[PDB]
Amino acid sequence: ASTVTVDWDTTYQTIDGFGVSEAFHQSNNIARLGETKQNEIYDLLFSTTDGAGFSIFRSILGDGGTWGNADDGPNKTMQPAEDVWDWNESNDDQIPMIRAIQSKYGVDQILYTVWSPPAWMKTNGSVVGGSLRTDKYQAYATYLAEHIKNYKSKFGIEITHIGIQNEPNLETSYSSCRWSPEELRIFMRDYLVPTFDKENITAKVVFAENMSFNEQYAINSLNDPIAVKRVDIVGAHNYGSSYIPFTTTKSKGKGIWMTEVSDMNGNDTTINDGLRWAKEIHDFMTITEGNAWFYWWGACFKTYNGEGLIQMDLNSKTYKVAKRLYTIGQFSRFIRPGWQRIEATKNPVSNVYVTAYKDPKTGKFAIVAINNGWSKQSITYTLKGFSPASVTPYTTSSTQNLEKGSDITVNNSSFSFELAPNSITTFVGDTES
């Protein structure tokens, strides 16, 4: 019987949201399941009433590669040659899904990440590996600005966040482009910042998304007086690393987005894998104090690993939902863009981890409690600085998927709940009536 204290007036970072991606034709793989299952998958991902309520959507800016195939491969680029633009909305197979989920679910944060500049800008003449030619830095700055401008003016899509390079540390067997940190500062200071200023770009920059979770690729730009003007967000993946503070990023008042993580080595779809990712979010919120957290694919055609939250079998036209969709939903469905983390006893007892969030504009709040141990844990929650009448529990476990429970009466700013082993429960409430 342990105690968690939640303080309404001790506040931390603003939460920008939670995201997924459908890059590399996975958006088209959803549609191939048929209209009925397509809408079911949109619902599971983005609905705030019967889904995970993801609030950010990450997509690939087409590079024109020729690798892969139609099930997993690149999209045509809107600038296939230095002297040719091709604003054909059919080039980007993510546009139909973006329009549908912005309309139906109000998803209004749209991140486009570049995996590679087009081949004619690359040192090896290919979108696979290599680097950006130094005599193509301006062409790439123009490339990025023209995409933000013309996705709006031609396709009606507002790109609110632009990711300038996915994993600049890595050359892969698919779309990739290697940068050094100093090459990124030179690109920001001498090309991106003056081009974005000249074109009056208001989209925020998610800085080069390091494969490992550190700010090393951003330190050079963050300390540059010109580049720092548009280092709006420092992005990073969490493949093979752990959650640490981004010291220089916080000193410059910038945001932190963990824009991709998944299990590429195993295929665990049970609550144990789900609680692994819930614990990653908890560490992200409390160690790094980050602002947005992303899984990799929302739905994908890989039934053999954990790169997506939903595994689609294209041959039988079926899909299977892993527990990680719901364990991540325990955060993402309730913590909307603009919410604010508040103080809660982060570790009340062994294997129990707690965070808390509030909406400063409605008085709504959410308390997310993880129990990734083997023992039932009775917890008494003391609410400091606010007094709701009741809380509503939502639980995910080996037998429950974001299951709404009976309301729990709050007696003098205190309520108790027994956390089941290997489970996660969110308590949701409102202070204004």
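In case it trips you up, residue 1 is the first one in the sequence shown, and so on.
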**OP:** Report the stretch with the higher mean CA temperature factor, choosing between 282-290 and 127-135 on the basis of the entry.
**Re:** 127-135
Original post:
Out of 105-113 and 262-270, which stretch has the higher average CA B-factor listed in the record?
Top reply: 262-270
Original post:
From 164, 98, 84, 236, which pick has the Cα B-factor that tops the rest in the entry?
Top reply: 84
Subject >> Among 183, 72, 307, 209 - the residue whose C-alpha B-factor is largest in the record >> reply: 183
Original post:
So where's residue 423 on the chain's Cα temperature factor ranking, which third?
Top reply: lowest
**OP:** Tell me, lowest, middle or highest third: where does the Cα B factor of residue 148 rank within its chain?
**Re:** middle
**OP:** Please rank the C-alpha B-factors of the chain's modelled residues and tell me whether residue 364 sits in the lowest, middle or highest third.
**Re:** middle
Subject >> Position of residue 327 among the chain's modelled residues by C-alpha B-factor, lowest, middle or highest third >> reply: lowest
**OP:** Just say lowest, middle or highest third for the CA B-factor of residue 168 relative to the other modelled residues in its chain.
**Re:** middle
